[PDB]
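Content type mmCIF, C-alpha atoms and all ligand atoms; chains and numbers go by the auth columns, from the file my_file_10.cif:
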data_protein
#
loop_
_atom_site.group_PDB
_atom_site.id
_atom_site.type_symbol
_atom_site.label_atom_id
_atom_site.label_comp_id
_atom_site.label_asym_id
_atom_site.label_seq_id
_atom_site.Cartn_x
_atom_site.Cartn_y
_atom_site.Cartn_z
_atom_site.B_iso_or_equiv
_atom_site.auth_seq_id
_atom_site.auth_asym_id
ATOM 1 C CA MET A 1 -18.550 9.299 -15.690 0.00 3 A
ATOM 2 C CA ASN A 2 -15.656 10.254 -17.993 0.00 4 A
ATOM 3 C CA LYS A 3 -13.506 7.355 -16.742 0.00 5 A
ATOM 4 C CA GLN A 4 -9.731 6.939 -17.056 0.00 6 A
ATOM 5 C CA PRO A 5 -8.669 4.848 -20.061 0.00 7 A
ATOM 6 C CA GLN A 6 -8.382 1.039 -20.065 0.00 8 A
ATOM 7 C CA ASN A 7 -4.578 1.210 -19.754 0.00 9 A
ATOM 8 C CA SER A 8 -4.693 2.766 -16.242 0.00 10 A
ATOM 9 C CA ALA A 9 -5.484 1.229 -12.861 0.00 11 A
ATOM 10 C CA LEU A 10 -6.096 2.550 -9.380 0.00 12 A
ATOM 11 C CA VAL A 11 -4.225 0.538 -6.702 0.00 13 A
ATOM 12 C CA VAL A 12 -5.843 1.066 -3.300 0.00 14 A
ATOM 13 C CA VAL A 13 -3.265 0.173 -0.669 0.00 15 A
ATOM 14 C CA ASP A 14 -4.187 -1.308 2.708 0.00 16 A
ATOM 15 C CA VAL A 15 -7.357 0.618 3.555 0.00 17 A
ATOM 16 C CA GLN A 16 -7.893 -1.701 6.474 0.00 18 A
ATOM 17 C CA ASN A 17 -9.108 -1.553 10.048 0.00 19 A
ATOM 18 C CA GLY A 18 -5.551 -2.147 11.292 0.00 20 A
ATOM 19 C CA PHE A 19 -4.161 1.075 9.798 0.00 21 A
ATOM 20 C CA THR A 20 -7.079 3.359 10.616 0.00 22 A
ATOM 21 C CA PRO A 21 -8.179 4.885 13.929 0.00 23 A
ATOM 22 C CA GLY A 22 -9.259 2.045 16.262 0.00 24 A
ATOM 23 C CA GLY A 23 -6.870 -0.495 14.711 0.00 25 A
ATOM 24 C CA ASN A 24 -3.703 -2.123 16.000 0.00 26 A
ATOM 25 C CA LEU A 25 -1.413 0.105 13.891 0.00 27 A
ATOM 26 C CA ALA A 26 -3.723 3.086 13.617 0.00 28 A
ATOM 27 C CA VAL A 27 -2.475 5.981 11.491 0.00 29 A
ATOM 28 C CA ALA A 28 -4.028 9.209 12.792 0.00 30 A
ATOM 29 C CA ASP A 29 -6.739 10.643 10.514 0.00 31 A
ATOM 30 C CA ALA A 30 -6.226 7.807 7.990 0.00 32 A
ATOM 31 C CA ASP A 31 -9.981 7.179 7.847 0.00 33 A
ATOM 32 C CA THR A 32 -10.537 10.719 6.492 0.00 34 A
ATOM 33 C CA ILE A 33 -9.126 9.795 3.055 0.00 35 A
ATOM 34 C CA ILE A 34 -11.760 7.117 2.417 0.00 36 A
ATOM 35 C CA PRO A 35 -14.526 9.254 0.868 0.00 37 A
ATOM 36 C CA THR A 36 -11.944 10.614 -1.618 0.00 38 A
ATOM 37 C CA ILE A 37 -10.767 7.112 -2.460 0.00 39 A
ATOM 38 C CA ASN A 38 -14.375 5.915 -2.935 0.00 40 A
ATOM 39 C CA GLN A 39 -15.038 8.798 -5.335 0.00 41 A
ATOM 40 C CA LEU A 40 -11.752 8.292 -7.234 0.00 42 A
ATOM 41 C CA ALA A 41 -12.404 4.599 -7.721 0.00 43 A
ATOM 42 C CA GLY A 42 -15.611 5.411 -9.641 0.00 44 A
ATOM 43 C CA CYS A 43 -13.450 7.291 -12.159 0.00 45 A
ATOM 44 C CA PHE A 44 -11.317 4.297 -13.052 0.00 46 A
ATOM 45 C CA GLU A 45 -12.201 1.364 -15.277 0.00 47 A
ATOM 46 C CA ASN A 46 -9.754 -0.823 -13.333 0.00 48 A
ATOM 47 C CA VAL A 47 -9.326 -0.946 -9.561 0.00 49 A
ATOM 48 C CA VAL A 48 -7.151 -3.267 -7.479 0.00 50 A
ATOM 49 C CA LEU A 49 -7.276 -3.441 -3.677 0.00 51 A
ATOM 50 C CA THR A 50 -4.340 -4.582 -1.554 0.00 52 A
ATOM 51 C CA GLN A 51 -4.587 -6.140 1.855 0.00 53 A
ATOM 52 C CA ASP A 52 -1.802 -6.629 4.384 0.00 54 A
ATOM 53 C CA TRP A 53 -2.337 -10.236 5.339 0.00 55 A
ATOM 54 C CA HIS A 54 0.031 -11.535 7.980 0.00 56 A
ATOM 55 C CA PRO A 55 0.197 -14.871 9.728 0.00 57 A
ATOM 56 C CA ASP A 56 0.386 -14.686 13.545 0.00 58 A
ATOM 57 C CA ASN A 57 4.108 -15.651 13.444 0.00 59 A
ATOM 58 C CA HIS A 58 5.127 -12.884 11.026 0.00 60 A
ATOM 59 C CA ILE A 59 8.751 -11.647 11.119 0.00 61 A
ATOM 60 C CA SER A 60 7.689 -7.984 10.992 0.00 62 A
ATOM 61 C CA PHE A 61 6.054 -8.182 14.442 0.00 63 A
ATOM 62 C CA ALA A 62 8.127 -6.988 17.428 0.00 64 A
ATOM 63 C CA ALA A 63 6.320 -9.658 19.501 0.00 65 A
ATOM 64 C CA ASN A 64 8.089 -12.411 17.462 0.00 66 A
ATOM 65 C CA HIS A 65 11.581 -11.134 18.378 0.00 67 A
ATOM 66 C CA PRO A 66 12.774 -11.471 21.973 0.00 68 A
ATOM 67 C CA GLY A 67 13.830 -8.165 23.539 0.00 69 A
ATOM 68 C CA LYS A 68 12.548 -5.979 20.670 0.00 70 A
ATOM 69 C CA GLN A 69 9.695 -3.455 20.927 0.00 71 A
ATOM 70 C CA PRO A 70 7.461 -1.923 18.254 0.00 72 A
ATOM 71 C CA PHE A 71 9.074 0.677 15.954 0.00 73 A
ATOM 72 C CA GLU A 72 12.600 -0.591 16.568 0.00 74 A
ATOM 73 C CA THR A 73 14.576 -1.967 13.615 0.00 75 A
ATOM 74 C CA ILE A 74 16.271 -5.350 13.097 0.00 76 A
ATOM 75 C CA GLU A 75 18.788 -6.600 10.531 0.00 77 A
ATOM 76 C CA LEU A 76 17.345 -9.548 8.626 0.00 78 A
ATOM 77 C CA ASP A 77 18.925 -11.545 5.790 0.00 79 A
ATOM 78 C CA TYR A 78 17.373 -9.106 3.294 0.00 80 A
ATOM 79 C CA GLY A 79 18.346 -5.904 5.135 0.00 81 A
ATOM 80 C CA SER A 80 16.812 -3.574 7.695 0.00 82 A
ATOM 81 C CA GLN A 81 13.272 -4.363 8.885 0.00 83 A
ATOM 82 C CA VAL A 82 11.092 -2.086 10.989 0.00 84 A
ATOM 83 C CA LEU A 83 9.267 -4.057 13.684 0.00 85 A
ATOM 84 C CA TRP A 84 5.581 -3.323 14.273 0.00 86 A
ATOM 85 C CA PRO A 85 2.719 -4.003 16.680 0.00 87 A
ATOM 86 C CA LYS A 86 0.844 -7.156 15.591 0.00 88 A
ATOM 87 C CA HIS A 87 -1.479 -5.979 12.838 0.00 89 A
ATOM 88 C CA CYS A 88 -3.667 -7.273 10.005 0.00 90 A
ATOM 89 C CA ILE A 89 -3.472 -10.919 10.992 0.00 91 A
ATOM 90 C CA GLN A 90 -5.193 -13.174 8.442 0.00 92 A
ATOM 91 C CA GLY A 91 -8.893 -13.631 9.133 0.00 93 A
ATOM 92 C CA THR A 92 -9.139 -11.094 11.953 0.00 94 A
ATOM 93 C CA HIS A 93 -11.180 -7.907 12.268 0.00 95 A
ATOM 94 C CA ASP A 94 -7.922 -5.909 12.104 0.00 96 A
ATOM 95 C CA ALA A 95 -7.179 -7.246 8.583 0.00 97 A
ATOM 96 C CA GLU A 96 -10.651 -6.430 7.183 0.00 98 A
ATOM 97 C CA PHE A 97 -11.231 -3.490 4.912 0.00 99 A
ATOM 98 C CA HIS A 98 -12.380 -0.360 6.683 0.00 100 A
ATOM 99 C CA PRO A 99 -16.193 -0.383 6.751 0.00 101 A
ATOM 100 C CA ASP A 100 -16.377 3.040 5.008 0.00 102 A
ATOM 101 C CA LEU A 101 -14.450 1.696 1.972 0.00 103 A
ATOM 102 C CA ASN A 102 -17.012 1.264 -0.772 0.00 104 A
ATOM 103 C CA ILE A 103 -15.640 0.138 -4.112 0.00 105 A
ATOM 104 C CA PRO A 104 -18.031 -2.491 -5.472 0.00 106 A
ATOM 105 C CA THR A 105 -16.346 -2.235 -8.886 0.00 107 A
ATOM 106 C CA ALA A 106 -12.940 -3.448 -7.563 0.00 108 A
ATOM 107 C CA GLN A 107 -11.665 -6.342 -9.709 0.00 109 A
ATOM 108 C CA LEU A 108 -8.859 -7.861 -7.626 0.00 110 A
ATOM 109 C CA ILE A 109 -7.879 -8.177 -4.012 0.00 111 A
ATOM 110 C CA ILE A 110 -4.218 -8.983 -3.660 0.00 112 A
ATOM 111 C CA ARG A 111 -2.984 -9.986 -0.283 0.00 113 A
ATOM 112 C CA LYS A 112 0.587 -9.388 0.790 0.00 114 A
ATOM 113 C CA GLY A 113 2.913 -10.090 3.703 0.00 115 A
ATOM 114 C CA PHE A 114 1.641 -13.680 4.018 0.00 116 A
ATOM 115 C CA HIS A 115 5.097 -15.343 4.013 0.00 117 A
ATOM 116 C CA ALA A 116 6.047 -15.654 7.705 0.00 118 A
ATOM 117 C CA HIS A 117 9.712 -14.809 7.113 0.00 119 A
ATOM 118 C CA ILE A 118 9.374 -11.936 4.613 0.00 120 A
ATOM 119 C CA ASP A 119 7.554 -8.624 4.819 0.00 121 A
ATOM 120 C CA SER A 120 5.985 -7.000 1.769 0.00 122 A
ATOM 121 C CA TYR A 121 5.080 -3.330 2.072 0.00 123 A
ATOM 122 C CA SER A 122 4.934 -3.245 -1.690 0.00 124 A
ATOM 123 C CA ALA A 123 2.081 -4.873 -3.583 0.00 125 A
ATOM 124 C CA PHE A 124 4.609 -5.716 -6.359 0.00 126 A
ATOM 125 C CA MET A 125 7.633 -7.207 -4.662 0.00 127 A
ATOM 126 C CA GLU A 126 8.406 -8.555 -1.225 0.00 128 A
ATOM 127 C CA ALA A 127 11.057 -7.112 1.133 0.00 129 A
ATOM 128 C CA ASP A 128 13.714 -9.520 -0.171 0.00 130 A
ATOM 129 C CA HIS A 129 13.765 -7.481 -3.434 0.00 131 A
ATOM 130 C CA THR A 130 13.367 -10.750 -5.399 0.00 132 A
ATOM 131 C CA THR A 131 10.040 -12.465 -4.585 0.00 133 A
ATOM 132 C CA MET A 132 7.557 -11.019 -7.108 0.00 134 A
ATOM 133 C CA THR A 133 3.928 -10.933 -5.931 0.00 135 A
ATOM 134 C CA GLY A 134 2.213 -11.584 -9.256 0.00 136 A
ATOM 135 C CA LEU A 135 0.816 -8.049 -9.578 0.00 137 A
ATOM 136 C CA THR A 136 3.122 -6.966 -12.426 0.00 138 A
ATOM 137 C CA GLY A 137 2.155 -10.024 -14.499 0.00 139 A
ATOM 138 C CA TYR A 138 -1.519 -9.449 -13.769 0.00 140 A
ATOM 139 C CA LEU A 139 -1.482 -5.796 -14.768 0.00 141 A
ATOM 140 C CA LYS A 140 0.590 -6.290 -17.944 0.00 142 A
ATOM 141 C CA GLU A 141 -1.618 -9.168 -19.096 0.00 143 A
ATOM 142 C CA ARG A 142 -4.608 -6.820 -18.723 0.00 144 A
ATOM 143 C CA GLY A 143 -2.885 -4.118 -20.822 0.00 145 A
ATOM 144 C CA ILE A 144 -2.341 -1.729 -17.920 0.00 146 A
ATOM 145 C CA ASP A 145 0.707 0.554 -18.244 0.00 147 A
ATOM 146 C CA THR A 146 -0.215 3.341 -15.791 0.00 148 A
ATOM 147 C CA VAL A 147 -0.781 2.932 -12.060 0.00 149 A
ATOM 148 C CA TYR A 148 -2.260 5.460 -9.617 0.00 150 A
ATOM 149 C CA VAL A 149 -1.613 4.667 -5.960 0.00 151 A
ATOM 150 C CA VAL A 150 -3.679 5.685 -2.932 0.00 152 A
ATOM 151 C CA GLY A 151 -4.058 4.473 0.644 0.00 153 A
ATOM 152 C CA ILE A 152 -2.028 3.896 3.768 0.00 154 A
ATOM 153 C CA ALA A 153 0.753 4.497 4.706 0.00 155 A
ATOM 154 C CA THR A 154 2.091 7.103 2.262 0.00 156 A
ATOM 155 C CA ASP A 155 5.650 6.461 3.418 0.00 157 A
ATOM 156 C CA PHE A 156 5.597 2.664 3.579 0.00 158 A
ATOM 157 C CA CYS A 157 3.127 0.543 1.608 0.00 159 A
ATOM 158 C CA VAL A 158 2.112 3.399 -0.727 0.00 160 A
ATOM 159 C CA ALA A 159 5.697 4.598 -1.397 0.00 161 A
ATOM 160 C CA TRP A 160 7.140 1.091 -1.815 0.00 162 A
ATOM 161 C CA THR A 161 4.259 0.069 -4.108 0.00 163 A
ATOM 162 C CA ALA A 162 4.797 3.221 -6.218 0.00 164 A
ATOM 163 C CA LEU A 163 8.586 2.820 -6.355 0.00 165 A
ATOM 164 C CA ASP A 164 8.214 -0.832 -7.372 0.00 166 A
ATOM 165 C CA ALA A 165 5.657 0.103 -10.052 0.00 167 A
ATOM 166 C CA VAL A 166 8.295 2.443 -11.554 0.00 168 A
ATOM 167 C CA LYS A 167 10.958 -0.263 -11.422 0.00 169 A
ATOM 168 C CA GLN A 168 8.571 -2.545 -13.355 0.00 170 A
ATOM 169 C CA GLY A 169 8.013 0.016 -16.125 0.00 171 A
ATOM 170 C CA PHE A 170 4.654 1.524 -15.158 0.00 172 A
ATOM 171 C CA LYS A 171 3.854 5.218 -15.400 0.00 173 A
ATOM 172 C CA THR A 172 3.251 5.808 -11.716 0.00 174 A
ATOM 173 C CA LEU A 173 1.297 8.497 -9.881 0.00 175 A
ATOM 174 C CA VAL A 174 0.426 8.980 -6.207 0.00 176 A
ATOM 175 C CA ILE A 175 -2.715 10.894 -5.273 0.00 177 A
ATOM 176 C CA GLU A 176 -1.488 12.730 -2.203 0.00 178 A
ATOM 177 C CA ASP A 177 -4.768 13.730 -0.560 0.00 179 A
ATOM 178 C CA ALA A 178 -6.010 10.147 -0.895 0.00 180 A
ATOM 179 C CA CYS A 179 -3.042 8.916 1.227 0.00 181 A
ATOM 180 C CA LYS A 180 -2.065 9.204 4.874 0.00 182 A
ATOM 181 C CA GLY A 181 1.442 8.803 6.320 0.00 183 A
ATOM 182 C CA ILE A 182 2.988 7.669 9.586 0.00 184 A
ATOM 183 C CA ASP A 183 6.330 9.595 9.518 0.00 185 A
ATOM 184 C CA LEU A 184 8.791 7.447 11.497 0.00 186 A
ATOM 185 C CA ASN A 185 12.143 9.244 11.890 0.00 187 A
ATOM 186 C CA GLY A 186 11.471 11.547 8.913 0.00 188 A
ATOM 187 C CA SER A 187 10.172 8.793 6.636 0.00 189 A
ATOM 188 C CA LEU A 188 7.354 10.895 5.163 0.00 190 A
ATOM 189 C CA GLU A 189 9.348 13.680 3.533 0.00 191 A
ATOM 190 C CA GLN A 190 12.028 11.163 2.547 0.00 192 A
ATOM 191 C CA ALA A 191 9.393 8.990 0.829 0.00 193 A
ATOM 192 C CA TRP A 192 8.181 12.003 -1.184 0.00 194 A
ATOM 193 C CA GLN A 193 11.782 12.888 -2.130 0.00 195 A
ATOM 194 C CA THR A 194 12.660 9.365 -3.214 0.00 196 A
ATOM 195 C CA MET A 195 9.375 9.051 -5.126 0.00 197 A
ATOM 196 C CA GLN A 196 9.898 12.409 -6.931 0.00 198 A
ATOM 197 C CA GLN A 197 13.493 11.418 -7.768 0.00 199 A
ATOM 198 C CA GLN A 198 12.265 8.178 -9.323 0.00 200 A
ATOM 199 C CA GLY A 199 9.642 9.898 -11.521 0.00 201 A
ATOM 200 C CA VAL A 200 6.531 9.106 -9.481 0.00 202 A
ATOM 201 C CA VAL A 201 4.079 11.925 -10.226 0.00 203 A
ATOM 202 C CA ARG A 202 2.636 13.633 -7.131 0.00 204 A
ATOM 203 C CA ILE A 203 -0.948 14.711 -7.906 0.00 205 A
ATOM 204 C CA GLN A 204 -4.086 15.807 -6.039 0.00 206 A
ATOM 205 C CA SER A 205 -7.521 14.167 -6.319 0.00 207 A
ATOM 206 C CA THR A 206 -8.990 17.303 -7.919 0.00 208 A
ATOM 207 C CA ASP A 207 -6.518 16.892 -10.830 0.00 209 A
ATOM 208 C CA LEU A 208 -8.136 13.545 -11.691 0.00 210 A
ATOM 209 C CA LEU A 209 -11.698 14.327 -10.573 0.00 211 A
ATOM 210 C CA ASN A 210 -11.771 17.409 -12.836 0.00 212 A
ATOM 211 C CA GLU A 211 -11.328 15.087 -15.851 0.00 213 A
ATOM 212 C CA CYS A 212 -13.939 12.531 -14.671 0.00 214 A
HETATM 213 O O1 LIG B . 0.527 -0.532 4.888 0.00 301 B
HETATM 214 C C1 LIG B . 1.633 -0.123 5.337 0.00 301 B
HETATM 215 O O2 LIG B . 2.168 0.987 5.020 0.00 301 B
HETATM 216 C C2 LIG B . 2.275 -1.016 6.409 0.00 301 B
HETATM 217 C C3 LIG B . 2.138 -2.411 6.391 0.00 301 B
HETATM 218 N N1 LIG B . 2.681 -3.169 7.344 0.00 301 B
HETATM 219 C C4 LIG B . 3.337 -2.573 8.327 0.00 301 B
HETATM 220 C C5 LIG B . 3.466 -1.191 8.353 0.00 301 B
HETATM 221 N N2 LIG B . 2.937 -0.433 7.412 0.00 301 B
HETATM 222 CL CL CL B . 1.716 -6.115 19.658 0.00 302 B
HETATM 223 CL CL CL B . -10.871 -10.758 15.300 0.00 303 B
HETATM 224 CL CL CL B . 9.561 -14.161 -7.901 0.00 304 B
HETATM 225 ZN ZN ZN B . 2.409 -5.307 7.702 0.00 305 B
#
Final structure tokens representation of the file:
Amino acid sequence: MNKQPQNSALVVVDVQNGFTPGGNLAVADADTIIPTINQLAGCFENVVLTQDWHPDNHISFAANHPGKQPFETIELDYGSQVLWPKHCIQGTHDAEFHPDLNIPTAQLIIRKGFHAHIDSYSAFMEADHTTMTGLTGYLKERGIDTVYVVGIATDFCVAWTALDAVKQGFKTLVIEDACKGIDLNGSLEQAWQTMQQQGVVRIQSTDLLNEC
């Protein structure tokens, strides 16, 4: 294939059982993006997978906060936190990659959200805005300056990963038809707006696949 250059990477965000139909935080139709992701990954020299990877006592779970229910919000030290159903607990079926995901060439699996008291939608920086995950250092050591983001959810882990990539100096693109969103209280269109404002490029898979 006519692959993307060595300075670009595909970051495949949270294509896990937990976020796909049948999972504990199932995003409708999120499994339908997987064939596109599998095909895209073949076109990149460098591919990183992310995995939401929570301990059972994670702060982002509604179940760990008395009197709160999923999809409500809570004020934590670091700001507003959406509370979720328990999802993607370390070592469980829910946290596994979706069985249709097929990227044997993937070079890194970075887990996130493993600190009990801090969420991390972004693969680059945790929800405290200060705890760096290691991904920036990894990518820059490998000479990567351009990041393409796909996966689930468009408006949370994808958007926050993309916005953090921009903050860290990467040319950042999101491949829209290889993402699926959840849209809580208008989050989906707001994520696209904030991403566009910050210079994230919104592209379609055919844009990349037609030069592969
Ligand atoms: O992958 C995501 O977008 C995500 C992760 N944890 C909770 C909710 N959403
Ligand atoms: Cl739950
Ligand atoms: Cl299990
Ligand atoms: Cl840090
Ligand atoms: Zn999570």
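Every protein, DNA or RNA residue with an atom at most 6 Å from residue 11 in chain A, where only C-alpha atoms count and chain neighbours fewer than 6 positions away do not, is listed here: residues 48, 49 and 149 of chain A.
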Review point. Once you count all atoms listed in the file, which residues end up within 10 Å of ligand LIG 301 (chain B), and could you hand them over as a ChimeraX atom specification?
Key: /A:15-18,20-21,27-29,52-56,62-63,73,84-90,114-115,121-125,153-163,182-184
Exercise for review: Find the distance between CA of residue 25 in chain A and CA of residue 60 in chain A and write it in Å to one decimal.
Suggested key: 17.6 Å
Point to revise | Point-to-point distance from CA of residue 169 in chain A to CA of residue 189 in chain A, Å rounded to tenths | key: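 So the answer is 20.2 Å.
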Check your understanding: Taking only C-alpha atoms and all ligand atoms into account, which residues are within 10 Å of ligand CL 303 (chain B), as JSON, numbers by chain?
Key -> {"A": [90, 91, 92, 93, 94, 95, 96, 97, 98]}
Practice item. Give the answer as one residue: which of A:214, A:203, A:14, A:146 has the shortest atom-to-atom distance to residue 113 in chain A, using all atoms listed in the file? Key: A:14
Point to revise | Distance of CA of residue 178 in chain A from CA of residue 206 in chain A, expressed in Å to one decimal place | key: 5.6 Å
Review point. Can you tell me, as a PyMOL selection string, which residues sit within 8 Å of (-0.4, 0.1, -19.7) in the file's frame, using all atoms listed in the file?
Key: chain A and resi 9-10+141-142+145-148+172-173
Exercise for review: Check the smallest atom-to-atom distance from each of A:120, A:137, A:132, A:144 to residue 8 in chain A using all atoms listed in the file, then report the winner.
Suggested key: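 Ranked by minimum distance to residue 8 in chain A, first place goes to A:144.
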Could you state which residues are captured by the PyMOL selection byres (((not hetatm)) within 7 of (chain B and resi 304)) in this file, as a PDB file with C-alpha atoms, in the coordinates of the input?
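Below you can see part-v5.pdb, which holds the result:
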ATOM      1  CA  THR A 132      13.367 -10.750  -5.399  1.00  0.00           C
ATOM      2  CA  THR A 133      10.040 -12.465  -4.585  1.00  0.00           C
ATOM      3  CA  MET A 134       7.557 -11.019  -7.108  1.00  0.00           C
ATOM      4  CA  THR A 135       3.928 -10.933  -5.931  1.00  0.00           C
TER       5      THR A 135
END
Practice item. Step by step, work through what the PyMOL selection byres (((chain A and resi 6) around 6) and not hetatm) selects in the shown file, and finish by giving those residues as a list in words. Key: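 For this structure, the PyMOL selection byres (((chain A and resi 6) around 6) and not hetatm) captures residues 5, 7 and 46 of chain A.
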Keeping only C-alpha atoms, write the selected residues as a PDB file, in the frame of the given file.
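Resulting contents of part.pdb:
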ATOM      1  CA  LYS A   5     -13.506   7.355 -16.742  1.00  0.00           C
ATOM      2  CA  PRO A   7      -8.669   4.848 -20.061  1.00  0.00           C
ATOM      3  CA  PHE A  46     -11.317   4.297 -13.052  1.00  0.00           C
TER       4      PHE A  46
END
Check your understanding: Contacts of residue 79 in chain A at 12 Å or less, counting all atoms listed in the file, minus same-chain residues fewer than 6 places along, as a VMD selection string?
Key -> chain A and resid 61 119 to 121 129 to 131
Practice item. Tell me which of A:151, A:64, A:202, A:193 sits closest to ligand CL 302 (chain B), counting all atoms listed in the file. Key: A:64
Practice item. Go through A:99, A:80, A:140, A:194 and flag the residue nearest residue 51 in chain A, using only C-alpha atoms for the distances. Key: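 Looking only at the distances to residue 51 in chain A, the closest residue turns out to be A:99.
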Practice item. Give as a list in words the residues that the PyMOL selection byres (((chain A and resi 104) around 6) and not hetatm) matches when applied to the coordinates above. Key: residues 40, 103 and 105 of chain A
Residues from the last selection, C-alpha atoms, saved as a PDB file, keeping the file's coordinate frame:
ATOM      1  CA  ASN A  40     -14.375   5.915  -2.935  1.00  0.00           C
ATOM      2  CA  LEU A 103     -14.450   1.696   1.972  1.00  0.00           C
ATOM      3  CA  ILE A 105     -15.640   0.138  -4.112  1.00  0.00           C
TER       4      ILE A 105
END
Using 4 Å of padding on each side, determine the axis-aligned box around all atoms of range 115-131 of chain A present in the file and give its centre and edge lengths in Å to one decimal, as JSON.
{"center_x": 7.7, "center_y": -9.4, "center_z": 0.7, "size_x": 20.1, "size_y": 20.4, "size_z": 22.1}
Review point. How would you write as a ChimeraX atom specification the residues that get within 10 Å of (-5.0, 10.9, -5.5) in the file's frame, counting all atoms listed in the file?
Key: /A:12,35,38-39,42-43,150-153,175-181,204-211
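Among the candidate residues A:65, A:30, A:45, A:50, the one lying nearest to ligand CL 302 (chain B) is A:65, with distances computed using all atoms listed in the file.
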Check your understanding: From the set A:24, A:106, A:72, A:139, which residue has the shortest atom-to-atom contact distance to ligand CL 302 (chain B), counting only C-alpha atoms and all ligand atoms?
Key ->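 Selected residue with least distance to ligand CL 302 (chain B): A:72.
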Atoms are missing here; could range 147-160 of chain A be completed with N, CA, C and O atoms and written as a compact mmCIF listing (two decimals), keeping the file's coordinate frame?
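Saved result, rebuild.txt, follows:
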# COMPACT_ATOMS: atom_id res chain seq x y z
N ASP A 147 -0.65 0.01 -18.24
CA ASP A 147 0.71 0.55 -18.24
C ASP A 147 0.87 1.78 -17.34
O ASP A 147 1.97 2.32 -17.24
N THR A 148 -0.21 2.17 -16.66
CA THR A 148 -0.22 3.34 -15.79
C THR A 148 -0.92 2.96 -14.50
O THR A 148 -2.00 2.38 -14.52
N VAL A 149 -0.29 3.29 -13.38
CA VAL A 149 -0.78 2.93 -12.06
C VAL A 149 -0.86 4.18 -11.17
O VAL A 149 0.11 4.93 -11.06
N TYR A 150 -2.04 4.40 -10.59
CA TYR A 150 -2.26 5.46 -9.62
C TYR A 150 -2.40 4.80 -8.25
O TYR A 150 -3.15 3.84 -8.09
N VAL A 151 -1.68 5.31 -7.26
CA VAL A 151 -1.61 4.67 -5.96
C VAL A 151 -2.20 5.59 -4.91
O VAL A 151 -1.92 6.80 -4.89
N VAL A 152 -3.05 5.01 -4.07
CA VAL A 152 -3.68 5.68 -2.93
C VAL A 152 -3.64 4.75 -1.73
O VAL A 152 -3.41 3.55 -1.89
N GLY A 153 -3.90 5.29 -0.55
CA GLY A 153 -4.06 4.47 0.64
C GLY A 153 -3.13 4.80 1.79
O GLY A 153 -2.76 5.96 2.02
N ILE A 154 -2.73 3.76 2.51
CA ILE A 154 -2.03 3.90 3.77
C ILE A 154 -0.91 2.86 3.83
O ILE A 154 -1.13 1.76 3.36
N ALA A 155 0.28 3.17 4.35
CA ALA A 155 0.75 4.50 4.71
C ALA A 155 1.55 5.09 3.54
O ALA A 155 2.31 4.40 2.87
N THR A 156 1.39 6.39 3.33
CA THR A 156 2.09 7.10 2.26
C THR A 156 3.55 6.71 2.17
O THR A 156 4.08 6.47 1.07
N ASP A 157 4.20 6.64 3.34
CA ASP A 157 5.65 6.46 3.42
C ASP A 157 6.15 5.02 3.48
O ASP A 157 7.37 4.76 3.46
N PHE A 158 5.23 4.07 3.57
CA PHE A 158 5.60 2.66 3.58
C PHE A 158 4.92 1.90 2.44
O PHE A 158 5.49 1.80 1.36
N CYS A 159 3.72 1.40 2.63
CA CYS A 159 3.13 0.54 1.61
C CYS A 159 2.82 1.33 0.35
O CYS A 159 3.01 0.81 -0.74
N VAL A 160 2.42 2.60 0.47
CA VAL A 160 2.11 3.40 -0.73
C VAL A 160 3.42 3.68 -1.49
O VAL A 160 3.54 3.34 -2.66
